[PDB]
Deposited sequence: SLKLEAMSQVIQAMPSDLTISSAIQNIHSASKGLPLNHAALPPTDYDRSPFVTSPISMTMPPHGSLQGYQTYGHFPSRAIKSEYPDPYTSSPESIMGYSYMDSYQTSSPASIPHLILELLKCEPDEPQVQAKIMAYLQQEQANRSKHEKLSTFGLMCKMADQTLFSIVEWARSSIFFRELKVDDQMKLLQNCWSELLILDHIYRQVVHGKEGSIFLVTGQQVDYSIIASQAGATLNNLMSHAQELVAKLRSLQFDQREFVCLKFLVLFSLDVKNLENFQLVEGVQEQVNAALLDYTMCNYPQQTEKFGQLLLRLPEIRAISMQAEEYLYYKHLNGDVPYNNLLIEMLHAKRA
């Protein structure tokens, strides 16, 4: 136990990590059977976003169109908080792109986006961000107060998260408030991520088909 009942519900709506990670890699594998590294990544992000909408089978398109990018960032950030080694980066497929490569190939804008995600991952590892809080933030990001049953789910998840962290991280007087402050940082990074990808689209760099742009354009 030691986990409020709501947080136990939400944890039961989580996807199988090692399953969807092989499904996604086994999709990109047969995709090259060309397109660029940026095209691979667009395809991957595309797939990740499919997992995310699937996952959103729990407690619709007006919401998803709000946070799709915030969810994609938050997912990526949590992967680095958990599995993240220093100097490199882990993708939903398992690959380990070193920051040497990021700084060598990629340009200024994307390098800045990575820097911001690392300020966040640092911050969250420092807070000891854990799975229970992770899933809470998902729902707080999905069920935005910026788009009825929303205020509802927001009040409830807030309550549960506040109790969970007060009781499980007593030595951190400030944790609840700290986590919540990452939410507007995630949004700011997601705004810069949309704009960067929008420019890649205007320049023909994005693959003919991809869910990201559909969402962006709506």
Missing segments of the deposited chain sequence, listed N- to C-terminal
1 to 109, 143 to 148, 175 to 184, 273 to 278, 350 to 352
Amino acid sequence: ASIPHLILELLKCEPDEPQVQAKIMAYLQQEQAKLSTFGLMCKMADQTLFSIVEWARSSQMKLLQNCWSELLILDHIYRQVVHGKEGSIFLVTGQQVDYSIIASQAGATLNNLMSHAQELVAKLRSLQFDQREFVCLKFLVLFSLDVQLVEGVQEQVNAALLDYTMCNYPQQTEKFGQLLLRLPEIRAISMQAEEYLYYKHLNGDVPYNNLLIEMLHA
From here on, numbers count along this sequence of modelled residues.
Higher-B stretch (mean Cα B-factor, as the entry records it), 127 to 135 or 109 to 117
109 to 117
Out of 172 to 180 and 151 to 159, which one has CA B-factors that are higher on average in the deposited record?
151 to 159
Looking at the entry's B-factor column for C-alpha atoms only, identify whether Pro18 ranks in the lowest, middle or highest third of its chain.
highest
Quick one: classify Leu202 as lowest, middle or highest third of the chain based on its Cα B-factor.
lowest
Which third, lowest, middle or highest, does the CA B-factor of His76 fall in along this chain?
lowest
Using only modelled residues of the chain, where does the Cα B factor of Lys43 rank: lowest third, middle third or highest third?
middle
Lowest, middle or highest third of the chain for the C-alpha temperature factor of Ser36?
middle
